[PDB]
Amino acid sequence: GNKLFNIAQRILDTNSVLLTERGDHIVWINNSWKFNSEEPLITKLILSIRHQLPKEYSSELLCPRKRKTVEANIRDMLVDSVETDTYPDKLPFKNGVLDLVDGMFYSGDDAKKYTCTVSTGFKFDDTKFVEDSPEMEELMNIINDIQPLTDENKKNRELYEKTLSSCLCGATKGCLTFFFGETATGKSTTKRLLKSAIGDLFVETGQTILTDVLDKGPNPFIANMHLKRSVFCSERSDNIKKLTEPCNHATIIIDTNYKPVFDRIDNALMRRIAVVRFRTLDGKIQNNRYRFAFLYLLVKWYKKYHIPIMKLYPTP
Amino acid sequence: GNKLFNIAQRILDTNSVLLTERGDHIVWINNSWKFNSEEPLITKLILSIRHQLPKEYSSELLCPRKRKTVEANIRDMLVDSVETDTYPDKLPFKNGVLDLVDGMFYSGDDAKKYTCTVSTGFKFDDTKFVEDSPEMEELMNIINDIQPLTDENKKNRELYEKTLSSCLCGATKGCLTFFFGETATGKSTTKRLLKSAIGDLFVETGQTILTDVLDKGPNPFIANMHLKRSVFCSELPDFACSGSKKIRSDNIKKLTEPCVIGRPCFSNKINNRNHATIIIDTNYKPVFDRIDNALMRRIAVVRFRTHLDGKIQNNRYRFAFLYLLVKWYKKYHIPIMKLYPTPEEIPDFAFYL
Amino acid sequence: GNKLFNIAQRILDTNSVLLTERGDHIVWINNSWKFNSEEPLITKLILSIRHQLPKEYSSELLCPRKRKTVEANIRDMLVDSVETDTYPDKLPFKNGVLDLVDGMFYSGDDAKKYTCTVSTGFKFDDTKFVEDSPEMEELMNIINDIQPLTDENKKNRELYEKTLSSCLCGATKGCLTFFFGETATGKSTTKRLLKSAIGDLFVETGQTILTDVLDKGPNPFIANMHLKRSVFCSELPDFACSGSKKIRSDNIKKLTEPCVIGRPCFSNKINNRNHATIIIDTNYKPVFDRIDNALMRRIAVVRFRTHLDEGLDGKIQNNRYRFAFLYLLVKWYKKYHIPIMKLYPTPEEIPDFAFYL
Amino acid sequence: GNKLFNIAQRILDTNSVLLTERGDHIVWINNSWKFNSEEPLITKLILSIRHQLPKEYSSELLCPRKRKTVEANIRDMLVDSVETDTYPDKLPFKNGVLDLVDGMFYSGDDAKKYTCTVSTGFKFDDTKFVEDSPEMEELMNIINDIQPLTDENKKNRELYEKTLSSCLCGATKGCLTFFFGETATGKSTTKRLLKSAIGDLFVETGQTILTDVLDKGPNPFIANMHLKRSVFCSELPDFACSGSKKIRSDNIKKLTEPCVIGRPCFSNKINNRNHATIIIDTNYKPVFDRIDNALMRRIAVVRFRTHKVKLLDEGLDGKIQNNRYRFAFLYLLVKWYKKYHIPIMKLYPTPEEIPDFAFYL
Amino acid sequence: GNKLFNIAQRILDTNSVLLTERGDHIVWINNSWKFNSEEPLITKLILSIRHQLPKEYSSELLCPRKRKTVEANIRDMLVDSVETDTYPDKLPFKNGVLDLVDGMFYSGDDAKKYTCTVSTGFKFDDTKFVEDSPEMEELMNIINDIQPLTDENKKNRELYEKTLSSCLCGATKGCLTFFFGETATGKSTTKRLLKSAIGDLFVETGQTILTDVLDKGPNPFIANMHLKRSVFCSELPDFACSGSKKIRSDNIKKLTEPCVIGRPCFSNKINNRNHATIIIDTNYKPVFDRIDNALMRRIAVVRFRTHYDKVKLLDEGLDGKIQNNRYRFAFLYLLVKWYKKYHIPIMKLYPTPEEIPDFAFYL
């Protein structure tokens with residue numbers, strides 16, 4: 001007849017605290033799948049959930065030790081692990097997610113089964129996520145200057161569109177991309193536009209990922225890629241074959257200034273290699289005014305190309 | 001309902017205890033935002049806020065076992081984090097925040113809004129902040145001795161002014177300062193004036209910051225330069241000798257990002273904010289590990305030419321120097337705070353150009 | 001409201017507990033400010049101060065589980081920090097503090113004002129602290145044998161007196177002293193006399209501090225010289241042999257600064273206060289890394305020229321001339337360092353230094 | 001009131017617990033000062049001293065949670081520290097101390113003023129500390145065989161006796177001794193006899209204390225020399241070969257000081273007390289890095305010249321590890337100490353035994 | 001009086017728990033002196049001894065909080081330390097102590113008095129420890145195939161028998177032995193045959209200790225030979241190719257004293273008791289650093305010639321029915337018989353210096 005055990009059972013029934021394969025407890029507070037290995041949030045979860053329980057049950061959660069007892073019961077009652085970040089066609093935010101093939105924004109319980117732990121780093125407000133704005137005029141004008149919307153540059157433009165749209169897929173990508181061009185030819189502009197568009201779903205690394213073995217010494221560059229949907233390499237064939245394995249949601253794109261050279265050249269790596277060529281403001285980018293419009297363009301391109309199947313073709 | 005829970009709710013209602021984005025708990029005692037991972041700061045706040053509660057809630061907070069319960073409740077009711085030190089043009093003091101753009105010194109509750117947790121470590125007195133006194137006479141004389149106001153030492157004088165004035169702004173900087181010159185010139189005098197002016201906001205770090213990788217396990221030499229406006233890495237050794245490490249060029253790009261990595265012992269706080277205008281007081285021109293085009297945009301050098309110490313240590317010259325510093329700030333950094341590199345001084349850099 | 005709360009307030013009213021900027025809690029037991037980061041010190045003071053409170057308050061402090069509650073309130077009532085050791089002209093013993101300007105010995109509440117956390121380690125005897133004593137008569141003979149009172153050895157003996165007398169000032173010194181001389185020249189006897197005189201405020205460390213980058217990793221050899229008033233670095237080896245690491249020139253500049261850098265094991269404090277008078281006990285002329293004018297203002301040298309009493313060391317470890325040397329040092333101090341305390345270099349006594357000059 | 005406080009006061013009154021300068025709490029159980037830095041032994045003494053209090057206090061100390069309170073009170077009443085090991089002419093055993101000036105055994109409160117924190121590790125049975133025994137003659141036969149009592153080997157014999165007997169005085173010695181000789185000469189026999197005689201006050205440590213620096217990082221090989229009365233540094237290599245580190249002169253110089261610098265692992269204690277007589281069980285001529293008078297004023301040499309050749313005894317080592325000649329050698333050492341180091345304990349160097357020193361002379 | 005104190009006194013009077021010099025707390029559960037520095041086993045012993053005490057105390061030792069109190073009482077009565085492993089002629093198994101001078105097998109209290117801490121690892125079966133068995137004949141045949149009993153192999157066989165039999169005595173040995181022979185001769189077969197007989201009292205230490213200074217830094221490969229009856233060294237490379245280090249003369253001198261110097265990683269214990277029976281397995285003739293008379297007193301060689309002098313056929317089941325301890329007790333009986341034949345009065349191993357060409361040259 002333990003009332004605290006019934007409290008623990010009722011809280012566990014709501015599917016709020018989950019055990020992941022990595023040995024951690026993920027909790028659901030304030031419309032976000034938080035997790036902290038250092039300090040557990042189970043007590044905070046109980047204190048926040050206190051409101052949705054009957055009056056006799058909700059009146060004991062104020063003591064700082066009954067909550068510890070309930071935490072012990074809950075962490076003793078979690079036996080099996082769960083699989084998270086299984087849906088690739090959803091884009092996270094700090095107050096919901098975005099479904100792309102149909103293209104609407106979910107919040108609260110309506111987006112809780114979508115167990116995704118990583119986020120983008122900025123909230124979502126849909127009143128400015130519509131085409132009717134001057135800002136989109138400026139943005140696609142900048143896009144057309146950096147990449148002309150013409151016939152002589154049709155294939156390059158479409159490959160650019162597909163490559164930048166592929167960064168929203170929450171799954172493994174099996175094709176390397178290079179941005180090859182000259183100095184001040186939009187590479188910095190493109191990387192900044194991307195990192196303003198998606199945000200925390202983006203990590204920028206260096207040359208080291210393409211010169212050293214990925215399993216020697218303490219190397220976070222393999223660990224900082226964990227559940228990131230975009231990796232931009234600025235500044236080895238085995239590395240090339242390594243980055244295209246499921247274990248990894250990163251679209252691998254390296255910006256280059258000169259013609260590349262590989263350790264070996266064969267047909268094995270030529271089926272995973274694509275390239276584009278560049279042959280052609282900043283103040284309001286850290287301000288991030290060009291954030292939702294570029295996301296809308298990327299969503300439109302994803303709807304244009306990657307609804308039925310997501311797959312990148314090499315361009316030898 | 002409860003007696004030990006309404007007290008925690010009331011204490012949280014005063015907006016006195018906040019959670020930082022780094023997991024720290026900042027508290028507001030005696031008109032100062034203080035944070036410490038060792039002291040029971042929340043428990044001290046609970047006892048010090050005892051006078052703002054009704055008479056029935058005041059007789060409970062004397063027993064330590066009740067204050068531990070109150071602190072446990074408060075630690076569990078702080079779920080959403082906050083941003084710290086958002087304003088880059090405010091200077092903190094033990095008893096209030098001084099506005100740099102205007103000049104008025106806000107005290108008490110008016111300084112609560114500016115969430116500046118680091119401080120100078122001493123109270124600020126407006127009486128000594130006057131423009132005219134024998135003290136500032138000694139100062140102007142001394143600095144004109146150290147850096148003459150002559151014509152050739154005019155371009156170097158104004159960039160020296162820029163470097164010393166940038167020591168107040170709480171934003172991420174993007175340059176390297178090198179105090180190049182011969183000995184017995186005034187570099188140590190300038191460093192101690194700056195120390196006496198800015199108090200806690202001044203640290204002196206070792207040379208492992210420059211010539212070693214700052215990512216191996218614990219490193220309190222990085223965790224100390226957290227939000228610090230200026231640090232010193234003086235006494236740079238020679239490099240054209242039989243056995244000597246180099247500046248390790250790749251390490252200086254780590255010093256321009258606002259995300260310097262490094263954790264202290266017995267803790268998990270690994271990332272620290274970089275507000276520092278780090279100054280390298282050297283005697284010889286440095287030699288980096290490798291030289292490239294991305295290095296000439298983040299390096300500035302002051303040349304010391306002109307070839308008392310006891311009263312400086314007595315915080316005597318403090319307020320007049322701070323006043324000179326704020327006047328110098330309100331001439332060069334009012335619209336935008338920015339530092340420009342001086343690459344032409346390095347012989348290698350001039351050769352490349 | 002609470003009897004223990006009032007008991008804790010009473011202890012704080014006497015201003016016996018203090019909190020320093022370092023994060024430590026210094027206490028006041030037996031006329032001496034004592035601190036320790038491991039031993040229980042606040043509870044010891046709470047038990048000792050029991051014969052100050054009224055009778056109804058003195059009976060609860062006999063319960064050990066009640067002395068951890070009053071101490072818990074005391075730890076919560078200390079909000080701000082205070083400054084310690086700001087008087088450079090006072091020498092503390094285990095039962096008082098001697099004022100060096102005049103020589104009167106304070107003890108009790110009058111000794112509370114000078115917050116000196118370090119202690120010499122023994123009690124000061126007023127009866128032995130007199131000029132006329134047989135021990136003083138023998139000590140004068142021994143010292144005059146170590147350093148003769150002749151004409152050609154006057155400046156050397158005056159600077160020797162200055163260096164020895166500088167060991168009582170609690171302020172940063174801007175010079176390093178080299179004790180150069182051959183074997184059996186009294187440097188060991190002088191060191192042992194100094195150790196018996198100033199006691200705890202005298203530490204000996206290895207040459208690692210002189211030539212090693214004194215920042216990386218724990219270095220308790222520097223964390224030991226926190227607030228110490230004398231540091232003796234003996235056993236400097238020969239440098240003419242191929243394989244001897246030369247003396248690091250930049251470390252000397254670091255050892256003459258008002259705050260040295262370095263951290264002990266299992267701690268997070270890296271800044272230490274430098275009150276020491278660095279004395280290097282060498283046997284040969286030293287060899288440096290690189291010579292410049294940045295160093296000839298920071299080095300002084302004294303030579304020893306007299307080349308035996310077998311029972312001398314017997315009555316040295318027995319602290320026989322403990323107070324006569326103290327009197328001599330005090331008399332020398334109030335002969336050169338009364339207006340201002342500061343040291344001067346002697347670059348002419350070093351061969352390469354003279355060459356550069 | 002608070003009988004658990006009156007009990008603590010009574011225990012403190014008898015002066016059984018003390019605080020040392022290093023921070024340890026030495027207790028007094030079974031006529032021996034014991035201490036353990038890892039876990040305190042205050043509760044052990046609290047339980048042991050139960051038979052020296054009235055009956056109403058005797059039944060309270062049977063509850064461990066009632067002994068922790070008394071231990072806390074005792075810990076909170078000790079404020080001042082005391083000095084230890086200030087008597088150099090006493091030799092402590094497990095069950096008392098032996099006074100060497102006249103050689104008398106004190107036990108109980110008769111031996112408590114001499115705060116000796118070290119012990120030999122075994123008991124001293126008076127019945128075998130005499131001359132009338134068969135083992136006594138065997139010991140004399142062994143000793144007179146290792147070092148013959150001739151006239152050509154009298155100075156060597158006297159210096160050998162002085163060096164061996166100096167291992168009982170707990171003061172600082174300022175000379176180093178080299179046990180020079182050929183192999184299978186009896187140096188090992190002398191070492192095991194000394195180990196069986198002085199017990200735990202005998203440590204053998206590797207060569208790192210003469211070739212390397214003792215300041216870089218930890219060095220427990222020197223942290224174990226704290227308050228040991230004799231040390232052996234056997235197995236000296238060939239310096240005439242290629243790639244042999246010489247004995248550093250500074251290392252020799254620092255080892256003859258009242259305080260040595262060196263720290264253990266995971267500790268902050270830097271200074272150790274040096275009471276040890278240093279013996280270098282070598283086989284070849286030592287070679288130093290540099291020669292100067294401060295080095296020839298700290299070297300003593302004794303020679304071993306008996307492989308005259310005697311017959312090997314196979315059962316000799318068997319009845320040595322069995323501590324058979326334990327009290328006989330102790331009696332011999334006491335007799336020699338009563339003859340050589342009564343007024344002042346001092347060691348002297350002999351420079352006319354090493355070729356470089358002889359050339360320097 | 002205190003019922004939780006008479007129980008502690010009763011448990012102490014049986015001398016079931018002792019205090020060793022190294023600070024550990026050896027207990028006695030299921031006929032074995034177990035010890036654990038990390039966590040204490042006194043609470044296991046307290047519940048195990050529940051039956052010996054009368055029924056009035058039996059119902060009290062079930063609550064863990066009372067067993068904690070009894071453990072706290074017990075830990076405050078162990079004032080004086082005792083000595084362990086002082087009996088050389090005893091072999092400890094997991095269920096008793098085999099007396100080795102006359103070949104009995106004690107158990108329980110009879111095995112308690114011989115305070116032995118290290119154990120063989122497995123159990124002892126008196127039913128299989130017999131001379132009349134087909135496995136005995138099989139093993140007897142294997143030994144004769146590896147080492148024939150021909151008169152040309154008289155000294156080389158009894159020396160081999162003595163060397164193998166010395167691997168049971170728990171006393172310091174003052175000589176070294178060299179298993180020298182060509183590849184595929186029986187050295188590697190002897191090693192697995194021996195390691196299957198004694199068990200834990202056998203470690204295959206690396207080559208390192210013979211060509212390295214075992215003083216500086218940590219040497220866990222030195223701290224491993226704490227009270228191990230036999231240690232085996234293999235992989236002796238050629239002394240002519242690149243990397244030809246020399247067998248240091250002083251190094252073998254240190255592995256003969258009753259106490260060896262060395263500390264493990266992150267520890268301060270520098271003294272280790274030496275019960276080893278160092279055997280160096282070599283294929284080529286070793287070259288030493290320098291040859292002096294003090295070395296030849298601690299050298300022995302056992303030549304192996306059978307594949308040569310004999311061309312016996314290579315068996316395949318040999319390595320199969322060895323690693324699954326078939327000839328475990330059968331080899332034990334042979335070793336005990338040889339020990340009975342060779343060392344009753346005193347254990348001692350003698351050198352054979354007139355067998356290495358360098359020593360023969362020196363002699």
# chains A, B, ... in the order shown; residues from 1 in each chain; ligands from 1

$ select_by_dssp --residues "region 125-214 of chain C" --states "alpha helix (DSSP H)" --output "PyMOL selection string"
chain C and resi 134-146+155-165+187-198

$ interface_residues --of "chain A" --to "chain B" --cutoff "9 Å" --atoms "only C-alpha atoms" --output "PyMOL selection string"
chain A and resi 29-30+38+41+43-44+47-48+59+62-64

$ closest_atom_pairs --of "chain D" --to "chain E" --cutoff "9 Å" --atoms "only C-alpha atoms" --output "Markdown table"
| residue | atom | partner | partner_atom | distance |
| --- | --- | --- | --- | --- |
| D:29 | CA | E:79 | CA | 8.1 |
| D:30 | CA | E:79 | CA | 8.6 |
| D:41 | CA | E:76 | CA | 8.4 |
| D:43 | CA | E:76 | CA | 6.7 |
| D:44 | CA | E:76 | CA | 5.1 |
| D:45 | CA | E:76 | CA | 8.7 |
| D:47 | CA | E:76 | CA | 7.3 |
| D:48 | CA | E:77 | CA | 8.3 |
| D:59 | CA | E:1 | CA | 7.9 |
| D:62 | CA | E:2 | CA | 6.8 |
| D:63 | CA | E:2 | CA | 7.9 |
| D:64 | CA | E:73 | CA | 6.6 |
| D:65 | CA | E:69 | CA | 8.9 |
| D:183 | CA | E:294 | CA | 6.2 |
| D:184 | CA | E:294 | CA | 7.4 |
| D:204 | CA | E:261 | CA | 8.1 |
| D:205 | CA | E:261 | CA | 7.2 |
| D:206 | CA | E:215 | CA | 5.9 |
| D:207 | CA | E:215 | CA | 7.4 |
| D:208 | CA | E:216 | CA | 7.0 |
| D:220 | CA | E:268 | CA | 6.4 |
| D:221 | CA | E:270 | CA | 8.0 |
| D:224 | CA | E:268 | CA | 9.0 |
| D:235 | CA | E:250 | CA | 7.0 |
| D:236 | CA | E:250 | CA | 8.7 |
| D:237 | CA | E:250 | CA | 7.4 |
| D:264 | CA | E:268 | CA | 7.9 |
| D:265 | CA | E:268 | CA | 7.4 |
| D:266 | CA | E:266 | CA | 8.7 |
| D:315 | CA | E:346 | CA | 8.8 |

$ residues_around --residues "residue 38 (chain B)" --least-positions-apart "6" --cutoff "12 Å" --atoms "only C-alpha atoms" --output "MDAnalysis selection string"
(chainID B and resid 24:25 265:267) or (chainID C and resid 22:24 267:268)

$ residues_around --residues "region 119-126 of chain E" --least-positions-apart "2" --cutoff "8 Å" --atoms "only C-alpha atoms" --output "number ranges by chain"
E: 91-96, 116-117, 128-130, 198-201

$ write_last_selection --atoms "C-alpha atoms" --output "short mmCIF file (atom, residue, chain, number, x, y, z; two decimals), in the first residue's frame"
data_model
loop_
_atom_site.label_atom_id
_atom_site.label_comp_id
_atom_site.auth_asym_id
_atom_site.auth_seq_id
_atom_site.Cartn_x
_atom_site.Cartn_y
_atom_site.Cartn_z
CA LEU E 91 51.22 -26.91 -0.37
CA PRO E 92 47.87 -25.09 -0.01
CA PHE E 93 44.82 -26.09 -2.07
CA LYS E 94 41.30 -24.66 -2.06
CA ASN E 95 40.08 -27.28 0.45
CA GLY E 96 43.07 -28.00 2.68
CA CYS E 116 49.11 -19.72 4.37
CA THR E 117 47.60 -16.89 2.32
CA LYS E 128 42.57 -39.31 -8.16
CA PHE E 129 45.84 -38.59 -6.29
CA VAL E 130 46.94 -42.21 -6.67
CA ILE E 198 50.37 -26.07 -9.27
CA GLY E 199 48.03 -23.47 -10.79
CA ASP E 200 48.12 -19.96 -9.33
CA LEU E 201 51.63 -20.55 -7.94
#

$ interface_residues --of "chain C" --to "chain B" --cutoff "10 Å" --atoms "only C-alpha atoms" --output "PyMOL selection string"
chain C and resi 1-2+4-5+23+69-70+72-73+75-80+213-217+248-251+253-254+258-263+266-271+289-290+292-295+297+340

$ select_by_dssp --residues "region 27-229 of chain A" --states "strand (DSSP E)" --output "list in words"
residues 27, 28, 33, 34, 35, 90, 91, 92, 97, 98, 99, 104, 105, 106, 176, 177, 178, 179, 180, 203, 204 and 205 of chain A

$ residues_around --residues "residue 233 (chain A)" --least-positions-apart "3" --cutoff "7 Å" --atoms "only C-alpha atoms" --output "count of residues only"
7

$ atom_distance --atom1 "CA of residue 94 (chain D)" --atom2 "CA of residue 42 (chain E)"
27.5 Å

$ atom_distance --atom1 "CA of residue 358 (chain E)" --atom2 "CA of residue 309 (chain E)"
24.1 Å

$ closest_atom_pairs --of "chain C" --to "chain D" --cutoff "10 Å" --atoms "only C-alpha atoms" --output "JSON lines"
{"residue": "C:29", "atom": "CA", "partner": "D:79", "partner_atom": "CA", "distance": 8.3}
{"residue": "C:30", "atom": "CA", "partner": "D:79", "partner_atom": "CA", "distance": 9.1}
{"residue": "C:38", "atom": "CA", "partner": "D:23", "partner_atom": "CA", "distance": 9.6}
{"residue": "C:39", "atom": "CA", "partner": "D:23", "partner_atom": "CA", "distance": 8.4}
{"residue": "C:40", "atom": "CA", "partner": "D:76", "partner_atom": "CA", "distance": 7.5}
{"residue": "C:41", "atom": "CA", "partner": "D:76", "partner_atom": "CA", "distance": 8.3}
{"residue": "C:42", "atom": "CA", "partner": "D:76", "partner_atom": "CA", "distance": 9.6}
{"residue": "C:43", "atom": "CA", "partner": "D:76", "partner_atom": "CA", "distance": 6.7}
{"residue": "C:44", "atom": "CA", "partner": "D:76", "partner_atom": "CA", "distance": 5.1}
{"residue": "C:45", "atom": "CA", "partner": "D:76", "partner_atom": "CA", "distance": 8.8}
{"residue": "C:46", "atom": "CA", "partner": "D:76", "partner_atom": "CA", "distance": 9.3}
{"residue": "C:47", "atom": "CA", "partner": "D:76", "partner_atom": "CA", "distance": 7.3}
{"residue": "C:48", "atom": "CA", "partner": "D:77", "partner_atom": "CA", "distance": 8.1}
{"residue": "C:59", "atom": "CA", "partner": "D:1", "partner_atom": "CA", "distance": 8.3}
{"residue": "C:60", "atom": "CA", "partner": "D:2", "partner_atom": "CA", "distance": 9.6}
{"residue": "C:62", "atom": "CA", "partner": "D:5", "partner_atom": "CA", "distance": 6.7}
{"residue": "C:63", "atom": "CA", "partner": "D:2", "partner_atom": "CA", "distance": 7.4}
{"residue": "C:64", "atom": "CA", "partner": "D:73", "partner_atom": "CA", "distance": 6.6}
{"residue": "C:65", "atom": "CA", "partner": "D:69", "partner_atom": "CA", "distance": 8.3}
{"residue": "C:182", "atom": "CA", "partner": "D:294", "partner_atom": "CA", "distance": 9.0}
{"residue": "C:183", "atom": "CA", "partner": "D:294", "partner_atom": "CA", "distance": 6.0}
{"residue": "C:184", "atom": "CA", "partner": "D:294", "partner_atom": "CA", "distance": 7.9}
{"residue": "C:188", "atom": "CA", "partner": "D:257", "partner_atom": "CA", "distance": 9.7}
{"residue": "C:192", "atom": "CA", "partner": "D:258", "partner_atom": "CA", "distance": 9.9}
{"residue": "C:203", "atom": "CA", "partner": "D:271", "partner_atom": "CA", "distance": 9.4}
{"residue": "C:204", "atom": "CA", "partner": "D:261", "partner_atom": "CA", "distance": 8.1}
{"residue": "C:205", "atom": "CA", "partner": "D:261", "partner_atom": "CA", "distance": 7.0}
{"residue": "C:206", "atom": "CA", "partner": "D:215", "partner_atom": "CA", "distance": 6.4}
{"residue": "C:207", "atom": "CA", "partner": "D:215", "partner_atom": "CA", "distance": 7.9}
{"residue": "C:208", "atom": "CA", "partner": "D:215", "partner_atom": "CA", "distance": 6.4}
{"residue": "C:209", "atom": "CA", "partner": "D:215", "partner_atom": "CA", "distance": 9.5}
{"residue": "C:212", "atom": "CA", "partner": "D:216", "partner_atom": "CA", "distance": 9.6}
{"residue": "C:217", "atom": "CA", "partner": "D:217", "partner_atom": "CA", "distance": 9.6}
{"residue": "C:218", "atom": "CA", "partner": "D:217", "partner_atom": "CA", "distance": 8.9}
{"residue": "C:219", "atom": "CA", "partner": "D:217", "partner_atom": "CA", "distance": 8.5}
{"residue": "C:220", "atom": "CA", "partner": "D:268", "partner_atom": "CA", "distance": 6.4}
{"residue": "C:221", "atom": "CA", "partner": "D:270", "partner_atom": "CA", "distance": 7.6}
{"residue": "C:223", "atom": "CA", "partner": "D:268", "partner_atom": "CA", "distance": 9.3}
{"residue": "C:224", "atom": "CA", "partner": "D:270", "partner_atom": "CA", "distance": 8.7}
{"residue": "C:234", "atom": "CA", "partner": "D:254", "partner_atom": "CA", "distance": 9.0}
{"residue": "C:235", "atom": "CA", "partner": "D:250", "partner_atom": "CA", "distance": 6.1}
{"residue": "C:236", "atom": "CA", "partner": "D:250", "partner_atom": "CA", "distance": 8.0}
{"residue": "C:237", "atom": "CA", "partner": "D:250", "partner_atom": "CA", "distance": 6.7}
{"residue": "C:238", "atom": "CA", "partner": "D:290", "partner_atom": "CA", "distance": 8.7}
{"residue": "C:241", "atom": "CA", "partner": "D:289", "partner_atom": "CA", "distance": 8.9}
{"residue": "C:264", "atom": "CA", "partner": "D:268", "partner_atom": "CA", "distance": 7.7}
{"residue": "C:265", "atom": "CA", "partner": "D:268", "partner_atom": "CA", "distance": 7.2}
{"residue": "C:266", "atom": "CA", "partner": "D:266", "partner_atom": "CA", "distance": 9.0}
{"residue": "C:310", "atom": "CA", "partner": "D:346", "partner_atom": "CA", "distance": 9.3}
{"residue": "C:311", "atom": "CA", "partner": "D:344", "partner_atom": "CA", "distance": 8.7}
{"residue": "C:314", "atom": "CA", "partner": "D:344", "partner_atom": "CA", "distance": 9.0}
{"residue": "C:317", "atom": "CA", "partner": "D:258", "partner_atom": "CA", "distance": 9.3}
{"residue": "C:318", "atom": "CA", "partner": "D:86", "partner_atom": "CA", "distance": 9.8}

$ write_last_selection --atoms "C-alpha atoms" --output "short mmCIF file (atom, residue, chain, number, x, y, z; two decimals), in the first residue's frame"
data_model
loop_
_atom_site.label_atom_id
_atom_site.label_comp_id
_atom_site.auth_asym_id
_atom_site.auth_seq_id
_atom_site.Cartn_x
_atom_site.Cartn_y
_atom_site.Cartn_z
CA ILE C 29 43.47 29.71 20.34
CA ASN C 30 46.24 30.27 22.91
CA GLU C 38 42.11 19.23 7.43
CA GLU C 39 42.05 19.35 11.23
CA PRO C 40 38.86 20.37 13.07
CA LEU C 41 39.71 23.85 14.32
CA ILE C 42 36.41 25.69 14.81
CA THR C 43 35.16 22.92 17.12
CA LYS C 44 38.40 23.11 19.12
CA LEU C 45 37.91 26.85 19.59
CA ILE C 46 34.24 26.30 20.50
CA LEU C 47 35.26 23.84 23.21
CA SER C 48 38.10 26.07 24.46
CA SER C 59 26.81 22.80 29.67
CA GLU C 60 25.65 22.26 26.07
CA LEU C 62 30.02 19.20 26.35
CA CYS C 63 28.00 17.33 23.69
CA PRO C 64 30.08 16.73 20.53
CA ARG C 65 27.02 16.42 18.29
CA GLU C 182 84.69 27.04 0.07
CA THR C 183 83.87 24.16 2.40
CA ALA C 184 84.03 24.52 6.20
CA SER C 188 76.12 25.51 7.42
CA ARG C 192 71.55 26.24 11.42
CA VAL C 203 62.15 26.35 4.85
CA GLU C 204 64.75 24.56 2.72
CA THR C 205 63.89 23.36 -0.79
CA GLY C 206 65.73 21.75 -3.68
CA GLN C 207 67.20 23.32 -6.80
CA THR C 208 64.12 22.28 -8.82
CA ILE C 209 62.53 25.69 -8.17
CA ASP C 212 62.34 24.06 -13.88
CA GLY C 217 51.62 19.95 -12.58
CA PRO C 218 51.58 20.08 -8.79
CA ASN C 219 54.64 21.64 -7.19
CA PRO C 220 54.42 21.47 -3.38
CA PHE C 221 57.99 22.79 -3.18
CA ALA C 223 53.21 25.65 -2.21
CA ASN C 224 55.28 25.19 0.96
CA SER C 234 71.59 24.80 -0.94
CA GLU C 235 73.51 22.10 -2.91
CA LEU C 236 73.91 24.12 -6.13
CA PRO C 237 76.09 21.85 -8.30
CA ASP C 238 79.11 22.55 -10.47
CA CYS C 241 80.81 19.69 -16.21
CA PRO C 264 49.78 21.98 -4.28
CA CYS C 265 48.22 18.54 -4.71
CA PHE C 266 44.45 18.18 -4.22
CA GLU C 310 83.48 19.61 17.47
CA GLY C 311 80.83 20.32 20.12
CA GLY C 314 75.80 19.67 19.83
CA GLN C 317 70.19 21.53 17.69
CA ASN C 318 69.57 21.94 21.44
#
